[PDB]
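Single chain ahead, by itself, as structure tokens, in the form deposited in one PDB entry.
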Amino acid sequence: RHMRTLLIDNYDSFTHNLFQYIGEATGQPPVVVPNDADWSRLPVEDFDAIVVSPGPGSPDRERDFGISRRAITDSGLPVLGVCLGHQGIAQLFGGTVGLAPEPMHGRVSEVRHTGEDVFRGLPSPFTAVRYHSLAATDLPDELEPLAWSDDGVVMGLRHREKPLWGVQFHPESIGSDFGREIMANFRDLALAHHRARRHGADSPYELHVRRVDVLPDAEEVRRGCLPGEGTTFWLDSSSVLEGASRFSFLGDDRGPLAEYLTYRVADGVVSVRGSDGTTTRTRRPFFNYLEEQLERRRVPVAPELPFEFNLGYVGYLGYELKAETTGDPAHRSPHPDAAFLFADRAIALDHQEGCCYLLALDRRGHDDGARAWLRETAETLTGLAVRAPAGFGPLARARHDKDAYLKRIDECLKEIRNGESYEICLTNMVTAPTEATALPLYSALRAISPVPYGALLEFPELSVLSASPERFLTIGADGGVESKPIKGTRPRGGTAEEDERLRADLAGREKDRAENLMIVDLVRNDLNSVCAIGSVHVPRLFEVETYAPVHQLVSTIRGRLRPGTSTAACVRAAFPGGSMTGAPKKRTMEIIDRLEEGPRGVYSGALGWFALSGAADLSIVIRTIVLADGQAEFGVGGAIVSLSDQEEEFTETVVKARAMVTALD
């Protein structure tokens, strides 16, 4: 779907220039309607956004618009007023407007701004043409300024409650810059507002929130608040970097409204274990079941929380769920194809601000002891902060040995010779017996490799010990999407200067840049299938990030979901991660199936949370140990392209194992 944009026309003064820019920016032309039109007769319904073109036109028609102003001002739809006059401003905004110190018509102004809403991503200053020599100083308390001119007057504003915006310039004038970006921004605002439109069904839950101004050691929170045995989760920002990673999340299945949930690809059945102990087996595809439950259990985000996870499902998506995306069911995993804890109670650590947030659900109209838990857990955390404030290994066994792996790379190099793939992510699977238990082994791992997306899942069937640095999908409740595919890996150096050498090498090597580039294109394709035209872009390209085990080459891709596209639907379209398959995904996954001679399981999948607000945050499962039956499984791999040497790419798989192997030792 797409937004239906209504463009109000005033004597066709500038209407068709606005037409052009909206069309180019959004890929969808607006519907043009005169300012004399009957708004009651007109189906304002369907129209998701309104743009009000300026005059001057007829004195009569302008007066008629004013008589019927409330059709637009109190309609509830996003509105953008484009450089309106004294009367146009009084009608739509209701403010006072005088003559400007530099009162030229068609004046070229420099506009400085806060970078908010319609001004998102614009440089400050930027050039813009002002037609009306009318501009405000005093604003009513209901109106907030967003931007100002070089002659000290308001160039942009918004109403603090209603989705109304005003620009006191012409974005679409030839003498203006970033006109198309301003119209795309307004389109994006319209998508957010439409997504926030609840209606639907009454929320079955009642979220309760308490902040606690203490921050204990996260492992101590694991030991202090969670059970020694039982099904738990710990989303672990073991590395904390401003703008990169900030929060940790812990919880268990002890709560009354908690559920444990699993899927098998062979069966196609969801298993939901409630608090009763009773497990229920309904049959429908996983992403399909997940969407319905996320829609059913929808809870508004609590704006007091600085994070988006307002409780929901926490777990992993296995690689074999590809069978329900664009892949084939070639190999059955030894582990569940998905597994999530539906968390009704959770501890959130704010590593930035040095406080905790406690989330708990009651059923609507019921007291299930949420507030009792909040009060109780707060007391525990307070006491806890006082005690503790904040090759493959000797017995390891690769699925493919060196000789077998080299032959499989050769196969990959023939595949790329024949044009059947542009890049194959060939991965291996290593198994080793261990006497270690989950928490001690994870304690070792997180010390070795602090990362933004660390995780310890302790489930009945398995334990997942992730030291992933890689962001698969961060999806806002507003429907904004970000993916940061990694491809291009360098081992750390011995000395400081050796490090800087490998840093420089990774960023500048043609080979690596091509690997990354092709994945960026692939991820862009996936996002475009579910995102609005004009929304997909690449803010950063070929950035090197450094972590304890490796240097990594990372690119950032953003987009905004189409209207009616759920978060689950977005994840389906992008799963499995392009960074873990290759280009083109489908054909490259067929090749993966044949060559790997076995399943990946949780490796190469996604691990994270789906929230009841609609938000989500998912990592790629790399640098991860799966713990089950005294066995330790970990997957490793690397990009195969036409330039690829075999032995270097095998050695790469060994290097990516350092963390997991060091921890198991």
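Just count from 1 along the sequence shown to find any residue number. So that the term is clear: the rigid core is the largest set of C-alpha atoms that superpose within 1.5 Å between two forms.
- The records show that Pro59 is omitted from the coordinate set of at least a third of the other eligible entries of this protein.
- Gaps at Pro336 occur in none of the other compared entries of the protein that contain both adjacent residues, all of which model it rather than a third dropping it.
- The entry shows an unbroken chain from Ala258 to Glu259, with no unmodelled residues of the deposited sequence in between.
- Higher mean CA B-factor, judged across 531 to 539 and 427 to 435 from the recorded values: 427 to 435.
- In this crystal structure, the stretch out of 132 to 140 and 210 to 218 whose C-alpha atoms carry the higher mean B factor is 132 to 140.
- Per the deposited record, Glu324 carries the highest C-alpha B-factor of all listed residues (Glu482, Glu324, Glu470, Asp478).
- Set against one another, the Cα B-factors of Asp526, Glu181, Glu353, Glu411 in the record reach their highest point at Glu411.
- Ranked by Cα temperature factor within the chain, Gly635 sits in the middle third according to the deposited record.
- Remark: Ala657 belongs to the middle third of its chain, ranked by C-alpha B-factor as recorded.
- In this PDB entry, the Cα temperature factor of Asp177 sits in the bottom third of its chain's modelled residues, the lowest group.
- In the deposited entry, the Cα temperature factor of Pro389 sits in the middle third of values across the chain's modelled residues.
- Remark: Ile50 belongs to the middle third of its chain, ranked by C-alpha B-factor as recorded.
There is also a form deposited in another entry; it is not shown, and the following applies to it.
- Following superposition on the rigid core between the shown form and the other one, the residue from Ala201, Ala504, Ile174, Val538 with a C-alpha displacement of 2 angstroms or more is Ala201, and no other.
- Core-superposed comparison between the shown form and the other one: CA of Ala71 displaced by 2 Å or more.
- Once both forms are fitted on their rigid core, the CA atom of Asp403 lies less than 2 Å apart between the shown form and the other one.
- Core-superposed comparison between the shown form and the other one: CA of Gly369 displaced by less than 2 Å.
- Whereas the shown form places them at one spacing, the Cα atoms of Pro285 and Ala201 lie at least 3 Å farther apart in that other deposited form.
- Between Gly200 and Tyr263, the Cα distance is greater in that other deposited form than in this structure, by no less than 3 angstroms.
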